[PDB]
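For reference, the structure is listed below as structure tokens.
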Amino acid sequence: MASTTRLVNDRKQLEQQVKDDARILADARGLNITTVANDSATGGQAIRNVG
Amino acid sequence: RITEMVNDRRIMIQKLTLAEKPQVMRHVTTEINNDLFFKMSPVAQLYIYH
């Protein structure tokens, strides 16, 4: 049990830190939403009256 | 009325929007129910067979 047994955990922590500090410097820009539309209807059979 | 006549929970009737509730339709003069079918009993056997 030496400093070599901590290598995998060291890599786990290093990957977490790399992701975290690459998220900080990444530039973020808003995007335009162009998908709004009322196209989600439902079908079926009409309940026609009889008489 | 359609919900009352169809007591089975499996069939779901389309929900009405807020704008579709006050809309006006035309219904039948008298409803067809079991009483109408009861009076057809004398000739009902031929209908069942065919």
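Letters A, B, ... mark the chains of the structure tokens in the order given; residue numbers begin at 1 per chain; ligand numbers begin at 1, in order shown.
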
Which of chain A counts as alpha helix (DSSP H) under DSSP, as a ChimeraX atom specification please? /A:7-25

Output of the above residues as a PDB file, in the first residue's frame, restricted to N, CA and C atoms:
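Listing of again_8.pdb after writing:
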ATOM      1  N   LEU A   7      -3.549   5.797  -7.810  1.00  0.00           N
ATOM      2  CA  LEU A   7      -3.441   6.319  -9.169  1.00  0.00           C
ATOM      3  C   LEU A   7      -4.803   6.429  -9.844  1.00  0.00           C
ATOM      4  N   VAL A   8      -5.654   5.413  -9.693  1.00  0.00           N
ATOM      5  CA  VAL A   8      -6.950   5.430 -10.364  1.00  0.00           C
ATOM      6  C   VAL A   8      -7.845   6.517  -9.781  1.00  0.00           C
ATOM      7  N   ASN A   9      -7.851   6.659  -8.456  1.00  0.00           N
ATOM      8  CA  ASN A   9      -8.609   7.738  -7.833  1.00  0.00           C
ATOM      9  C   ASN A   9      -8.046   9.097  -8.228  1.00  0.00           C
ATOM     10  N   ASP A  10      -6.721   9.189  -8.353  1.00  0.00           N
ATOM     11  CA  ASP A  10      -6.104  10.421  -8.827  1.00  0.00           C
ATOM     12  C   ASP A  10      -6.593  10.772 -10.224  1.00  0.00           C
ATOM     13  N   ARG A  11      -6.670   9.779 -11.112  1.00  0.00           N
ATOM     14  CA  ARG A  11      -7.169  10.039 -12.457  1.00  0.00           C
ATOM     15  C   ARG A  11      -8.637  10.440 -12.439  1.00  0.00           C
ATOM     16  N   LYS A  12      -9.443   9.799 -11.589  1.00  0.00           N
ATOM     17  CA  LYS A  12     -10.849  10.178 -11.473  1.00  0.00           C
ATOM     18  C   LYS A  12     -10.988  11.641 -11.073  1.00  0.00           C
ATOM     19  N   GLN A  13     -10.274  12.042 -10.021  1.00  0.00           N
ATOM     20  CA  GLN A  13     -10.339  13.424  -9.566  1.00  0.00           C
ATOM     21  C   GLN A  13      -9.830  14.377 -10.637  1.00  0.00           C
ATOM     22  N   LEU A  14      -8.752  14.002 -11.327  1.00  0.00           N
ATOM     23  CA  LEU A  14      -8.196  14.864 -12.362  1.00  0.00           C
ATOM     24  C   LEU A  14      -9.177  15.063 -13.507  1.00  0.00           C
ATOM     25  N   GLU A  15      -9.862  13.995 -13.927  1.00  0.00           N
ATOM     26  CA  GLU A  15     -10.871  14.137 -14.973  1.00  0.00           C
ATOM     27  C   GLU A  15     -12.007  15.042 -14.521  1.00  0.00           C
ATOM     28  N   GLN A  16     -12.457  14.882 -13.275  1.00  0.00           N
ATOM     29  CA  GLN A  16     -13.523  15.742 -12.773  1.00  0.00           C
ATOM     30  C   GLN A  16     -13.099  17.208 -12.787  1.00  0.00           C
ATOM     31  N   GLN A  17     -11.880  17.494 -12.322  1.00  0.00           N
ATOM     32  CA  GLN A  17     -11.394  18.872 -12.310  1.00  0.00           C
ATOM     33  C   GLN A  17     -11.227  19.426 -13.719  1.00  0.00           C
ATOM     34  N   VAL A  18     -10.734  18.608 -14.652  1.00  0.00           N
ATOM     35  CA  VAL A  18     -10.558  19.074 -16.026  1.00  0.00           C
ATOM     36  C   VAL A  18     -11.902  19.439 -16.637  1.00  0.00           C
ATOM     37  N   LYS A  19     -12.912  18.592 -16.436  1.00  0.00           N
ATOM     38  CA  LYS A  19     -14.242  18.933 -16.933  1.00  0.00           C
ATOM     39  C   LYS A  19     -14.761  20.212 -16.285  1.00  0.00           C
ATOM     40  N   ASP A  20     -14.602  20.331 -14.964  1.00  0.00           N
ATOM     41  CA  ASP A  20     -15.142  21.485 -14.251  1.00  0.00           C
ATOM     42  C   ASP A  20     -14.500  22.786 -14.717  1.00  0.00           C
ATOM     43  N   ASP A  21     -13.177  22.808 -14.867  1.00  0.00           N
ATOM     44  CA  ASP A  21     -12.505  24.043 -15.253  1.00  0.00           C
ATOM     45  C   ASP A  21     -12.466  24.261 -16.760  1.00  0.00           C
ATOM     46  N   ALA A  22     -12.845  23.263 -17.561  1.00  0.00           N
ATOM     47  CA  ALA A  22     -13.092  23.520 -18.973  1.00  0.00           C
ATOM     48  C   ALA A  22     -14.490  24.069 -19.197  1.00  0.00           C
ATOM     49  N   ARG A  23     -15.422  23.765 -18.289  1.00  0.00           N
ATOM     50  CA  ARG A  23     -16.741  24.383 -18.355  1.00  0.00           C
ATOM     51  C   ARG A  23     -16.683  25.875 -18.044  1.00  0.00           C
ATOM     52  N   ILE A  24     -15.752  26.294 -17.184  1.00  0.00           N
ATOM     53  CA  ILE A  24     -15.702  27.687 -16.748  1.00  0.00           C
ATOM     54  C   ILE A  24     -15.275  28.600 -17.893  1.00  0.00           C
ATOM     55  N   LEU A  25     -14.209  28.230 -18.603  1.00  0.00           N
ATOM     56  CA  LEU A  25     -13.667  29.089 -19.646  1.00  0.00           C
ATOM     57  C   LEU A  25     -14.419  28.986 -20.964  1.00  0.00           C
TER      58      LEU A  25
END

If you take only C-alpha atoms and a cut-off of 8 Å, which residues of chain A touch chain B, and what are their nearest atom pairs and distances in Å to one decimal, in chain and number order, as a tab-separated table?
residue	atom	partner	partner_atom	distance
A:49	CA	B:28	CA	7.3
A:50	CA	B:32	CA	7.5
A:51	CA	B:28	CA	6.2

Quick one: pull the distance between CA of residue 16 in chain B and CA of residue 34 in chain B, Å, one decimal.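 Taking CA of residue 16 in chain B and CA of residue 34 in chain B, their separation equals 28.6 Å.
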